[PDB]
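Take a look at this one chain, the form solved without the ligand, written out in C-alpha cells.
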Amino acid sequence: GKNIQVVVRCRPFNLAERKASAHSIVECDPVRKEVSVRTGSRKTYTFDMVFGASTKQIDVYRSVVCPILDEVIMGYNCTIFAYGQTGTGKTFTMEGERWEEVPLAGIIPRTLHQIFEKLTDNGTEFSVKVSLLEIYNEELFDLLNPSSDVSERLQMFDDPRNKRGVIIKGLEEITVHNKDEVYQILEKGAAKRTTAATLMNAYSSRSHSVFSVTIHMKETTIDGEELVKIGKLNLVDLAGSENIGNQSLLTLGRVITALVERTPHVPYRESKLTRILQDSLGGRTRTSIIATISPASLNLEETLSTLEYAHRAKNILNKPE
C-alpha cells in the first residue's frame, strides 16, 4: 500500500457505444472507492480512489498528482502510470486536449504549469528539463531528437554512480524556459511518433510513451538551510492494455505487486520499461497507477482484464456492504 496508490478512472460513453445500444455495465462508487461490473451477478473491486465518468481533468490532477509533485519538489523520484485498453483515456488523462490550464488539459501541462509557479513563487533557483521517448517492441525511440533518422534507437547502460540508475546514451533532454513551451515540445514529439509509425510500423497505441521532467533546485534561507535538490517525475502513458495476449505490462505488473506485497526480489531488469523506471519505483517514493476503463458492454471483456490487473497489482480487501 502506502507509497503506491492505484486508482481507476472511468470515461464517458463515446458516440460508437451510444449508437450500438451499449449497456453501462460498470458501477463507480467514488466514496466507497469501489468499482463494480454487472456480469448478469457482480464482481466488485476496491481501490485507493475511483473516478466516475463525470470527473474533470483538474479533479484528477488535484487528488492524484499534487501529493506526488510535492514529493518530487522535495527532491525525490516519482512515477505516474496510465494503464488500460486503447480508447479509454490514457493519453487524455496524461496530456489532455486544447493563463490558467484549459479545463481539458491533462496532467503533463498542469505538472509543468505548477512546477514553474511554486518555484518562482518561493524564489527557489531552478532549471527544468524534459525528455520524451517511446518503447516499441522492447526498443527505445527518442521523440525529441530533431536530427536522428527514424530507425535510430538508443542504448542504455548501467549507471556507475547509481546501482538502481541507468544511462540512455544520446537521449535528447530539452530545456524548458516557461510553462508554455511544453505544448510545442509535445508537438515536436508527436510529429516523430507519427513518422515512426509510418516508416517503422511502431504504432502509438502499441507502445509505451515515457515523458520525464527533471528539476534541478537550489533553495536558500538566511539562518535557514541551503538545500541543493534534484526531483524527477516520469509520466508514463502505457501501451494499450489489450496487447496482453505486450509482456512488458506483465512485468510492470509483477514489479508493482512485488513493491506492494514487499517480496524479496523485485524483477525490474526483466523489461526495458521497468529497468528505466527502476530509479523511481521502490523506497519511499509515491508511485501511482491510473487505470482507465470504459463503462460500456461493447468493451466489457477488456474492462475486466484492466480491473483484474489493477487488482493484482495492489490487492485491496473488499469492505463489507
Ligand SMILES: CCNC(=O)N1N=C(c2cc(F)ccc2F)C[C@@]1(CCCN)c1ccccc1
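All residue numbers are counted from 1 along the displayed sequence.
The next section is about a form of this same protein that is not shown, the form deposited with the ligand bound.
This chain appears without its partner; in the bound PDB entry, the one residue of 166, 119, 186, 176 with a heavy atom within 4.5 Å of the ligand is 186. In terms of contact with the ligand in the bound PDB entry, the residue from 135, 105, 236, 115 that brings a heavy atom within 4.5 Å is 105. Only one segment in the set 218-226, 87-95, 154-162, 120-128 has any non-hydrogen atom within 4.5 angstroms of the ligand in the bound PDB entry, and it is 87-95.
Under a 4.5 angstroms non-hydrogen atom cutoff, the ligand in the bound PDB entry has residue 109 among its neighbouring residues.
At least one heavy atom of residue 190 is located within 4.5 Å of the ligand in the bound PDB entry.
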